[PDB]
Amino acid sequence: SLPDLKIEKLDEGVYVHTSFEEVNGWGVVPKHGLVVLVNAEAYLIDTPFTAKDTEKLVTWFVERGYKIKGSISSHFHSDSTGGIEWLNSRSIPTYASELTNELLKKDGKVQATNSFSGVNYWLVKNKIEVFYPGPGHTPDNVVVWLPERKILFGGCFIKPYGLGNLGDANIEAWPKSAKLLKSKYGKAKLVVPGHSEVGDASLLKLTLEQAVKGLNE
Ligand SMILES: [Zn+2]
Ligand SMILES: [Zn+2]
């Protein structure tokens, strides 16, 4: 019996959703995503692990007068993509990078309906920016920038306390990717990691340090 899905307002037009998975390796793991409001429309930044929690998340927003316009998954792991099957089945548009969709296809997983490539991709012009810093936590990890609030969703790329599971990681590339990310979004007010507490721009520096330290060893 996992903890309940949580939805908490972070800032004007921005909510953090927290869902939980059981893992023999630590135990129960929280995963943070966002919901971003754009004029009575809602965008999912990462899905919960499960169809059920994705449905609970959509319904919470639909019952408050928001149309779910889309989801974007920051990387191929189930903690960002677990909801894509359900969203596709409800004809809610799903987004992931060409790299993410290729990794989903390789692993026998259902793909996002819409894909993008390049360093920069606007999901919503001037409101929701996707940035590819390069390989790190996974080959495909992207971040999501909300320029109006200076909020960065770093997702599972942001690892200020330790790099965690290296199974899909590029330890050689991560320091370069993290250097690029810190340069691009050094002015971030809020950085939202995948698996630890919301913080300021310092999580970018801490991530860089862990990536450097991880490569050295
Ligand atoms: Zn991951
Ligand atoms: Zn993760």
Side-chain angles (χ1 to χ4, degrees), residues 2-3 5-8 10 15-35 44-51 53-54 57 71-87 94-112 115 130-145 151-175 177-178 180-181 190-199 203-204 206-208 210-211 214-215:
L2 292 158
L5 176 71
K6 251 184 312 192
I7 308 169
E8 307 186 12
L10 177 55
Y15 294 76
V16 176
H17 64 83
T18 310
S19 59
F20 303 81
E21 71 167 347
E22 185 60 51
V23 164
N24 285 235
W26 209 108
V28 172
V29 165
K31 170 64 175 49
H32 304 302
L34 302 181
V35 181
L44 270 48
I45 315 298
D46 278 14
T47 73
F49 300 87
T50 59
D53 278 355
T54 299
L57 183 58
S71 73
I72 174 133
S73 296
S74 59
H75 72 320
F76 81 104
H77 285 163
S78 50
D79 69 349
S80 299
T81 60
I84 283 175
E85 281 191 34
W86 188 85
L87 291 170
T94 58
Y95 296 76
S97 80
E98 256 188 22
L99 292 193
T100 291
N101 263 355
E102 188 282 322
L103 284 155
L104 287 173
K105 179 165 193 189
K106 247 195 253 170
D107 267 6
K109 303 298 176 186
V110 166
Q111 294 169 241
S115 55
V130 191
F131 184 73
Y132 183 53
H137 168 62
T138 55
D140 59 321
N141 45 30
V142 296
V143 305
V144 176
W145 172 240
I151 299 171
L152 183 69
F153 182 67
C156 302
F157 185 91
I158 298 296
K159 284 296 168 62
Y161 310 141
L163 298 178
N165 162 53
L166 301 174
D168 293 320
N170 187 328
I171 203 77
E172 290 90 11
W174 204 334
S177 311
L180 192 60
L181 189 67
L190 296 179
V191 177
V192 177
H195 298 287
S196 60
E197 225 133 348
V198 173
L203 301 192
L204 295 176
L206 292 176
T207 296
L208 173 53
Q210 290 289 345
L215 177 55

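FYI, the numbering just counts along the sequence from 1. Worth knowing before you read on, the calculation uses all heavy atoms, side chains too, and leaves out hydrogens, waters and symmetry mates. Each ligand, and each atom within it, is numbered from 1 in the order the structure gives.
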**Asked** When you look at CD of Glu22, are more than 12 heavy atoms from neighbouring residues, nucleotides or ligands closer to it than 6.0 Å?
**Response** yes
**Request:** Find, among atoms of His77 that are N, O or S, the one nearest to the Zn ion (ligand 1), and state its name.
**Result:** ND1
**Prompt:** Counting only heavy atoms not in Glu102, do more than 12 sit closer than 6.0 Å to its CD atom?
**Reply:** yes
**Fill in**
OG1 (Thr94) and CD1 (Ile84) are apart, to the nearest 0.5 Å, by 5.5 Å
**Request:** For the Zn ion (ligand 2), find the closest N/O/S atom belonging to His195 and write down its atom name.
**Result:** NE2
**Request:** Mind listing the closest non-hydrogen atom pair of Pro48 and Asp53 along with its distance?
**Result:** CB-CB, 3.6 Å
**Item:** Name of the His137 atom (N/O/S only) found closest to the Zn ion (ligand 1)
**Value:** NE2
**Request:** Have a look at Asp79 and say which of its N, O or S atoms is nearest the Zn ion (ligand 2).
**Result:** OD2
